[PDB]
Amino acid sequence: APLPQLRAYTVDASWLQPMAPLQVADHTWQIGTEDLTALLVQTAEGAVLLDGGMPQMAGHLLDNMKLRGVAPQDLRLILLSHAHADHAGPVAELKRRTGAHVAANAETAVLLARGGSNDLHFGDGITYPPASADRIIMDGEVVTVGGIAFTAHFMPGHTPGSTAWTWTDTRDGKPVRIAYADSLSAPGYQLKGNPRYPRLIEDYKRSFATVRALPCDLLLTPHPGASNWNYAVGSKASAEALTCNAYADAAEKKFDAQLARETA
């Protein structure tokens, strides 16, 4: 009776289905897969990438960047929602090939440093190549790249270092407030009485309130299904998209019902 073999992190086939760069705003593009958000912001002084998806999406991200006229050396900064394998995967490879920097808070940095290992809920289940953060950011700190200001918003819950990013773009001159809120889900988490996360419920409840008060005209999420986005249809992607109020309120109803069954 030998010890069990290692098990790879296998996901849905749609999480790895490549797609052409979809336009969200004048300067905002979606260059990830169909069911994994990877946003690219093009400025006059460089490019910014928000999340990267699965670790094997590094070649796909660089393919779409060159379709947008972005060279590897043009990627100046990498921002992350939370440091999980399905969002912060190719960060280690994109730093080696793009000369880019990574900005994240302390909790996302310590999780990114150990490649998602020793997860508070998953343990060593979703390990990815480790990367290092080059700039530590705080709650409400503004990050400016090429005239575009990215404001951070701490929304801890899914991970201790979950961060929502808000920035203002344009749609043919008309300004648009874009808010990239992180996942408000707890799949299989022990909510009440967790010794690894003693204040998990408090942070989740406080995150529901933070997501509602986000300056937002167009909401996106790391998983497009969480915000009723459909990257596949293309032009009608943001048709049935939800609001910040609708997103936080729907995520809170699932949270309380899950917390209610946990006590049972």
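Throughout, rigid core stands for the largest set of C-alpha atoms superposing within 1.5 Å between the two forms. Residue numbers here begin at 1 and follow the sequence given.
- Greater C-alpha displacement in 9 other deposited structures of this protein (rigid core superposition, RMS over structures and residues), of 169-177 versus 189-197: 169-177.
- Averaged over CA atoms, B-factors in the entry run higher in 65-73 than in the other of 41-49 and 65-73.
- The stretch with the higher mean CA B factor, choosing between 239-247 and 5-13, is 5-13.
- Of the candidates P195, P55, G32, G234, the deposited coordinates give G234 the top C-alpha B factor.
- Highest CA B-factor among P175, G157, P130, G123, as stated in the entry: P175.
- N230 sits in the highest third of its chain by CA B factor, as recorded in the PDB entry.
- In the deposited entry, the Cα temperature factor of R206 sits in the top third of values across the chain's modelled residues.
- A186 sits in the middle third of its chain by CA B factor, as recorded in the PDB entry.
- The deposited CA B-factor of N118 belongs to the middle third of values across its chain.
- The entry lists a Cα temperature factor for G99 that places it in the highest third of the chain's modelled residues.
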